[PDB]
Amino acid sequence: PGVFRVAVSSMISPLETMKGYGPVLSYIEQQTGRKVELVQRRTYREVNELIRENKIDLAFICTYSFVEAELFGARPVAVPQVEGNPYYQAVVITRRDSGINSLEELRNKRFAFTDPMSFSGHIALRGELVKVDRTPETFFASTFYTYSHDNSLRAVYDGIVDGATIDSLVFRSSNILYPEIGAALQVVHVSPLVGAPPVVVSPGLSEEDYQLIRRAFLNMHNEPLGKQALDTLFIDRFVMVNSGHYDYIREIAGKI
């Protein structure tokens, strides 16, 4: 049978992407009987275009990318239930010594985003500025897309930008690994809660292949090779998507 292609962003875990995904790819080979190819792209836009053009079978995407991918018929497989069952939100960070202690105090300041199609790294904040009839372009003095939550955090720490919007779990993890960097930073604003990042299939994937891969993900925690894949990714199990968990993103997507 034909190769089974899995698409991911290269910028979540630079130099450790195949290290992290290797076991789940082996699990997909076991459950499908198909050779699996890992397809990496730097930007969420590039990953979404692979899904739209049916150039891949399965993709690990995030919340705004999922909202956009649904509109061209990408179908949800499952979401991860991560250890500790975290909640998902954007945090806006500044330096404690900046004197910038709120989102409103970042007007006319320098600001870092990650990926234009990131919720926690862009869209959450673009959505909130609608409240005051602004865009990032008409609110901040300048903006930059780093394509990395860690690099956005580093840019705030080094004073290259005045603030950034990043994933709450990256902030938490960074503060454990680099406590001296974390100590210099403050969360000045938090976004609404959204769902876990979903796994999707291409609109062109057969119903048979869709049902097979959905069963494989939802039963992964009950299979020995599945348990190894889940441990490697620090996921407890995959569970069914709750479409409601992304409605805030759908709403701000329509306000721009």
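One rule holds for the numbers: they count along the sequence shown, beginning at 1.
Of the two stretches examined, 82-90 and 130-138, the record assigns the greater average C-alpha temperature factor to 82-90. The question of which stretch, 150-158 or 94-102, has the higher mean Cα B factor is settled in favour of 94-102.
Of the candidates 119, 111, 145, 72, the deposited coordinates give 72 the top C-alpha B factor. When the modelled residues of the chain are ordered by C-alpha B-factor, residue 169 sits in the highest third. Residue 238 sits in the middle third of its chain by CA B factor, as recorded in the PDB entry.
Placement of the Cα temperature factor of residue 125 within the chain: middle third of the modelled residues, per the deposited record. Residue 179: CA B factor in the highest third of modelled residues in this chain (values from the PDB entry). In this PDB entry, the Cα temperature factor of residue 224 sits in the top third of its chain's modelled residues, the highest group.
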